[PDB]
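Undergrad: A single structure is presented below for examination.
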Amino acid sequence: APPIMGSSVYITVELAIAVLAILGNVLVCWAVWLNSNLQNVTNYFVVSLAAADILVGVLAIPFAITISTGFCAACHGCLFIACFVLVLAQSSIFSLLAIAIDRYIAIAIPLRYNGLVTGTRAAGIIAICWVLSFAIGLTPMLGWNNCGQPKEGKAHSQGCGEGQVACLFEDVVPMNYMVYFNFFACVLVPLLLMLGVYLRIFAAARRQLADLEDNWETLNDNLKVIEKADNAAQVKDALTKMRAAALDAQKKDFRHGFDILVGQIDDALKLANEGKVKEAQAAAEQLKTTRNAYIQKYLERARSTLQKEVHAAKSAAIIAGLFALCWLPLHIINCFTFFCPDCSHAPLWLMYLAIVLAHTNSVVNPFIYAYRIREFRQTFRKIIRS
Ligand SMILES: CC(C)CCC[C@@H](C)[C@H]1CC[C@H]2[C@@H]3CC=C4C[C@@H](O)CC[C@]4(C)[C@H]3CC[C@]12C
Ligand SMILES: CC(C)CCC[C@@H](C)[C@H]1CC[C@H]2[C@@H]3CC=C4C[C@@H](O)CC[C@]4(C)[C@H]3CC[C@]12C
Ligand SMILES: CC(C)CCC[C@@H](C)[C@H]1CC[C@H]2[C@@H]3CC=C4C[C@@H](O)CC[C@]4(C)[C@H]3CC[C@]12C
Ligand SMILES: CC(C)(C)CC(=O)Nc1c(F)cc(C(=O)Nc2nccs2)cc1F
Ligand SMILES: CCCCCCCC/C=C\CCCCCCCC(=O)O
Ligand code: NA
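For the sequence shown, our numbering gives the first residue as -19, with consecutive numbering after it.
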């Protein structure tokens, strides 16, 4: 069969992916521009993400079509178009790694997040990552290439001039760079780091919740210790454990709630040190009405805020998971080409399937924000309507 027929399916799919990559991610950046709520440090890395995704459809996908033809070109010119996609991939890894750290800081030290990260500090980090993304992605340009040993038989076959080579990815980019330098160090290592970061995120989130239910049980169980106590000392051991638990749960409406609770504990605590048993048991009963009007409000506002931060971390973890699933097949084919010389090279239909699968990651991101983030979903509607 003619080669152009099989190539017609590939180019059409490649362009279809490019259209969805530009439209979807432009819609994300326009939503962040309009909405005031969507303007925060976490979303700036989201825009830095969608920035690279647009550049895939505008440059990387057109580049990938041009390489598929094997057109004649100078080895370094062919080297830039083949390595530019490596810059955008490294940009996305740094962005995804920044989001995981951001969500880790917000859940580990909530009362220090606003003092730690700001807008201007985040904007600088984006610049540093993008500069490093060019450096890593264009390392073969600095001399780690196969230009010194060009395929001459393939060049004269298509009648390339002197200094020109048949432009193909595996022909100009060394596989050791792609396996050791690119895959292992630059791709696999940061991906494993995100897995560890997200593991600590979900660990620290649930541990604060046995903490929330533990203080709630320390407050409830010791009330029944006072209700059936015999002596003045037994009420003291129950009130002192509640007083420490009351001070542990807090760390205007929030402050005044404990002002009545901890105060009423001292009202009964002083009556216990005097020896008055019955008057202490009555003063402790006042704590129940204070519990149903202030404490249970904070038990359930804390549970609500922690659940919304876990929902945000789950949504961000999906973006990293979809990045790993989309790119790994294209990387493992590089591992087979490099490590196993006895193996027959992966067929052309599979190579086409792996490339488009790596490109699909540009489209999948805006669908996740709409399905998982409520603020993004509402903002998309008003841009579509008008
Ligand atoms: C953002 C866009 C519009 C800016 C332009 C970038 C593109 C289109 C330009 C800049 C560098 C150019 C490469 C310059 C070097 C060569 C070597 C030659 O044998 C074939 C063309 C080729 C490979 C050019 C491809 C087009 C190229 C990649
Ligand atoms: C998430 C991480 C750990 C993924 C691991 C990918 C790498 C390390 C593993 C999984 C599949 C492995 C390939 C399994 C098959 C072979 C065939 C053999 O002749 C050489 C090694 C080689 C080619 C392995 C390379 C390493 C490989 C690519
Ligand atoms: C991590 C998940 C997404 C797994 C994806 C499956 C990929 C990486 C595995 C499964 C089947 C594998 C193919 C197994 C058989 C061949 C033919 C051989 O001559 C070279 C390797 C090659 C082409 C393997 C490529 C990698 C391959 C496509
Ligand atoms: C289809 C050909 C063989 C006739 C031309 C060609 O070589 N196409 C091609 C391409 F445009 C990009 C890549 C690529 O990006 N590979 C990566 N592996 C890890 C990160 S990126 C691989 C390719 F084979
Ligand atoms: C912005 C969305 C995508 C539309 C942009 C147009 C994409 C054009 C596709 C490929 C451009 C290059 C085609 C191949 C050029 C080399 C041909 C040759 O020299 O034989
Ligand atoms: Na991407």
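Every residue, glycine too, gets a C-beta built ideally from N, C-alpha and C.
Would you say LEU77 and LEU168 are within 8 Å of each other, going by their C-beta atoms?
TA: Counting from one through the sequence shown, the residue named residue 77 turns up at place 97. Counting from one through the sequence shown, the residue named residue 168 turns up at place 188. Cβ atoms of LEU77 and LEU168: not closer than 8 Å.
Undergrad: Let me make sure I understand the geometry here. Which of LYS258, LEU227, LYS250 and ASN94 has the alpha-carbon closest to that of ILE206?
TA: Within the sequence shown, the letter at position 226 stands for residue 206. The shortest Cα separation from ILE206 among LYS258, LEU227, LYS250 and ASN94 belongs to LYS258.
Undergrad: Taking one C-beta from the segment 83 to 99 and one from the segment 285 to 304 each time, how about it: are there three or more such pairs within less than 8 Å?
TA: Yes: the two stretches touch, three or more of their Cβ pairs being nearer than 8 Å.
Undergrad: Is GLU289 near ligand 4 - that is, is its Cβ less than 7 Å away from at least one heavy atom of it?
TA: As a working note, residue 289 is residue 309 in the sequence shown. Because no heavy atom of ligand 4 lies under 7 Å away, the Cβ of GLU289 does not count as near it: no.
Undergrad: Just to confirm, does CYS166 get its C-beta within under 7 Å of one of the non-hydrogen atoms of ligand 3?
TA: Translated into the one-based positions of the sequence shown, residue 166 becomes position 186. Checking every heavy atom of ligand 3 against the Cβ of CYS166, none is found closer than 7 Å.
Undergrad: Expressed to the nearest angstrom, what Euclidean distance is found between the alpha-carbon atoms of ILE275 and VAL8?
TA: Counted from its first residue, the sequence shown places residue 275 at position 295. Counted from its first residue, the sequence shown places residue 8 at position 28. For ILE275 and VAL8, the distance between alpha carbons rounds to 40 Å.
Undergrad: Pop quiz: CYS52 and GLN144 are said to be a contact at Cβ under 8 Å. What is the actual Cβ separation, rounded to whole angstroms?
TA: Position 72 of the sequence shown, counting from 1, holds the residue named residue 52. Position 164 of the sequence shown, counting from 1, holds the residue named residue 144. That pair is a contact at about 4 Å.
Undergrad: Are the C-beta of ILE353 and some C-beta of chain C separated by less than 8 Å?
TA: Considering every chain present, this structure includes no chain C. It has just one protein chain.
Undergrad: Roughly how many angstroms lie between the CA atoms of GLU132 and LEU148, to the nearest whole one?
TA: Position 152 of the sequence shown, counting from 1, holds the residue named residue 132. Position 168 of the sequence shown, counting from 1, holds the residue named residue 148. Roughly 13 Å separates the two Cα atoms.
Undergrad: Would you mind listing the alpha helix (DSSP H) stretches within the segment 41 to 123 that are 4+ residues and don't spill past its ends, in chain order?
TA: Taking only runs of at least 4 residues, the alpha helix (DSSP H) segments lying wholly in the segment 41 to 123 are 41 to 49, 55 to 88, 93 to 96 and 99 to 117.
Undergrad: Does the beta-carbon of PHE303 have 16 or more other beta-carbons within 10 angstroms, so that it is buried, or is it exposed?
TA: If you number the sequence shown from 1, residue 303 lands on position 323. Burial call: buried.
Undergrad: Identify, in the order they occur along the chain, each residue of the same chain with its Cβ nearer than 8 Å to the Cβ of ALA103, setting aside the five sequence neighbours on each side.
TA: Against the sequence shown, residue 103 aligns to sequence position 123. If we look at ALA103 and ignore the five residues flanking it on each side, its Cβ neighbours are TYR24.
Undergrad: For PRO346, which residues of its own chain have a beta-carbon under 7 Å away from its beta-carbon, when the five flanking residues on both sides are left out?
TA: For the purposes of this step, residue 346 is identified with residue 366 of the sequence shown, where counting begins at 1. Same-chain partners within the cutoff: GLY4, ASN5, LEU7 and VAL8.
Undergrad: Going by the DSSP bridge assignment, what does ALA146 pair with across the sheet?
TA: As a working mapping, residue 146 is identified with position 166 in the sequence shown. According to DSSP, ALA146 bridges with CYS52.
Undergrad: Here's the rule I'm using: 16 or more other beta-carbon atoms within 10 Å means buried, otherwise exposed. How should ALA107 be labelled?
TA: For the purposes of this step, residue 107 is identified with residue 127 of the sequence shown, where counting begins at 1. By the neighbour-count rule (16 or more Cβ atoms within 10 Å), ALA107 is not buried but exposed.
Undergrad: Answer yes or no: do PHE114 and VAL67 have a C-beta to C-beta separation smaller than 8 Å?
TA: Indexing the sequence shown from 1 puts residue 114 at position 134. Indexing the sequence shown from 1 puts residue 67 at position 87. Against a cut-off of 8 Å, the Cβ pair of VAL67 and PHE114 comes out as a contact.
Undergrad: Is there contact between the segment 229 to 244 and the segment 266 to 282, where contact requires at least three CB pairs shorter than 8 Å?
TA: Taking 8 Å as the limit for Cβ pairs, the verdict is that the segment 266 to 282 does touch the segment 229 to 244.
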